[PDB]
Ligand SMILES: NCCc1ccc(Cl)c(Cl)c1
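First, one chain by itself: the form solved without 2-(3,4-dichlorophenyl)ethanamine (42J), in structure tokens.
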């Protein structure tokens, strides 16, 4: 058994219509109002374009949803409607369909993002604190709304470094949290998967997103991106254990009665827990402080119940300079 430490019952306490996305009936506008300009990328079930709304000249991002269970489309639309106005959550502007083919598309606000591979190289200590604080506001918001993002990674955090705007994007893997529900562990990018996913523990919660955020924090302050760079899902756990330690892993497995896939016997080895200070060197020293290491140590923990919540993390002394600056 496992339950979220916060927000556990928040969907139960709301109208069923709030979380019963299969019953949701979107209002589908007309895609002919949008002119595609440039392809920006694609997902497994999506293609993404920069576009212009020709009725008002607004620049937008259009996500055209290829074949996919209409249930997954309803889920993403309902989650985005529930998160409307949330702090640092990408704004859904419109839901539209090709009026002939009825192919659906989602229209989002445009963010002039700096590619994270270039950005992370130039961030100052204060920059990291600021952006992580802003990202935490997005996670606290969605968690308070009963939603797990489940795909937190640099590619899904758009940062306009000139205007200092941050948005958490791509809610296509997000899901409603319900206590005791068993969820599919095939979520998140390999490098950002929490240990619970890697050991096939299905009773996870919002704290999965906090592992992913911790991975991002580590990559920023230490300038090793991704921080845990597995070659596959098995090696991903080995990379984690070489830092957190194997004895600590086994304690986690025992607490939650977790059966470890026996292919791990050949590859985990034995590893002491490493001090976070071992990652400091001349290239990253200016980004690391006792406060950063204390926060990171409280995010990158095997035991999902022991990780800080997004609110607890925001309240950590590491962010005091950000809070002070904003007043």
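Residue numbers count along the first chain shown, from 1. Definition used throughout: the rigid core is the maximal C-alpha set that superposes within 1.5 Å between two forms.
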Query raised in the report: Got a sec? Mean C-alpha B-factor, which is higher, 230 to 238 or 215 to 223?
Result: 230 to 238
**Report entry** Stretch exceeding the other in mean C-alpha B-factor - 20 to 28, 305 to 313
**Finding:** 20 to 28
Query raised in the report: Highest CA temperature factor in the entry: which of 76, 109, 248, 134?
Result: 248
Report summary line: Looking only at 295, 51, 287, 54, the Cα with the top B-factor belongs to 54
Report summary line: For residue 176, the third of its chain by CA B-factor is the lowest
Query - Third of the chain, ranked by Cα B-factor, where residue 62 sits - result: middle
Query raised in the report: What third of its chain's C-alpha B-factors does residue 299 belong to: lowest, middle or highest?
Result: lowest
**Report entry** Assigned third (lowest, middle, highest) for the C-alpha B factor of residue 90
**Finding:** lowest
**Report entry** Ranked against its chain, the third holding the CA B-factor of residue 203
**Finding:** middle
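The protein also exists as the form solved in complex with 2-(3,4-dichlorophenyl)ethanamine (42J); that form is not presented, and the subsequent description refers to it.
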Query raised in the report: When the site C-alphas are superposed and 2-(3,4-dichlorophenyl)ethanamine (42J) is set in place as seen in the deposited bound form, is this chain open or blocked (3 or more ligand atoms within 2.4 angstroms of backbone or C-beta)?
Result: open
Query raised in the report: Using a 4.5 Å heavy atom cut-off, which stretch among 137 to 145, 226 to 234, 157 to 165, 248 to 256 contacts 2-(3,4-dichlorophenyl)ethanamine (42J) in the deposited bound form?
Result: 157 to 165
**Report entry** Partner proximity in the deposited bound form: residue 201 to 2-(3,4-dichlorophenyl)ethanamine (42J), non-hydrogen atom cutoff 4.5 Å
**Finding:** no
Query raised in the report: Contact between residue 211 and 2-(3,4-dichlorophenyl)ethanamine (42J) in the deposited bound form at 4.5 Å, heavy atoms?
Result: no
Query raised in the report: According to a 4.5 angstroms non-hydrogen atom cut-off, is residue 79 in contact with 2-(3,4-dichlorophenyl)ethanamine (42J) in the deposited bound form?
Result: no
Report task. Indicate whether residue 244 is a 4.5 Å heavy atom neighbour of 2-(3,4-dichlorophenyl)ethanamine (42J) in the deposited bound form. Result -> no
Report summary line: From 197, 96, 216, 83: within 4.5 Å of 2-(3,4-dichlorophenyl)ethanamine (42J) in the deposited bound form by heavy atoms is 216
Query raised in the report: Would 222, 293 and 300 all count as contacting 2-(3,4-dichlorophenyl)ethanamine (42J) in the deposited bound form, using a 4.5 Å heavy atom cut-off?
Result: no
Query raised in the report: For the stretch 106 to 124, which residues lie within 4.5 Å of 2-(3,4-dichlorophenyl)ethanamine (42J) in the deposited bound form by non-hydrogen atom distance?
Result: 113, 116, 123
Query raised in the report: Which listed residue (181, 118, 184, 163) has a Cα shift of at least 2 Å between the shown form and the other one, rigid core superposed?
Result: 118
Query raised in the report: Closer or farther: how do the CA atoms of residue 162 and residue 121 lie in the deposited bound form, compared with the form shown, if the change is at least 3 Å?
Result: closer
